[PDB]
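Chains as they are written, first to last, in the entry's author numbering: chain F, 371 to 404, 407 to 421; chain E, 371 to 404, 407 to 421. Beta carbons are placed, not taken as given, at the ideal position from N, Cα and C, and that holds for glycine.
Given below as structure tokens:
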């Protein structure tokens, strides 16, 4: 819901390629994240309106 | 069916050699692929007619 159907993506899992859509991240939602303790921390956020 | 009987092949599994036929890929069809979740993604396809 929070992502556009034609979402553009640059990430190390794409190996320097540009990925379009949500099909690519689905593999990580299905396999890995479906789960040991994990803590995230956001540092120095900047927002441009 | 989709491959010619005298199919030519260059691939890293051939270690820089040119492989003819389908006997070479049979080892990978029999052993490895006969099976955990795997997702393929095709990027930037170009077709020459």
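| Query | Result |
| --- | --- |
| Three-state class that DSSP yields for residue 390 of chain F in the structure shown | strand |
| Short CB-CB distance (under 9 Å) between residue 393 of chain F and chain E | yes |
| Neighbourhood of residue 395 of chain F by C-beta, 6 Å cutoff - its chain only, sequence neighbours within 5 removed | none |
| Beta carbon proximity, residue 415 of chain F to chain E, threshold 9 Å | no |
| Three or more C-beta pairs below 8 Å linking the region 409 to 419 of chain F and the region 373 to 392 of chain E | no |
| Whether residue 378 of chain E touches residue 388 of chain E by CB criterion (9 Å) | yes |
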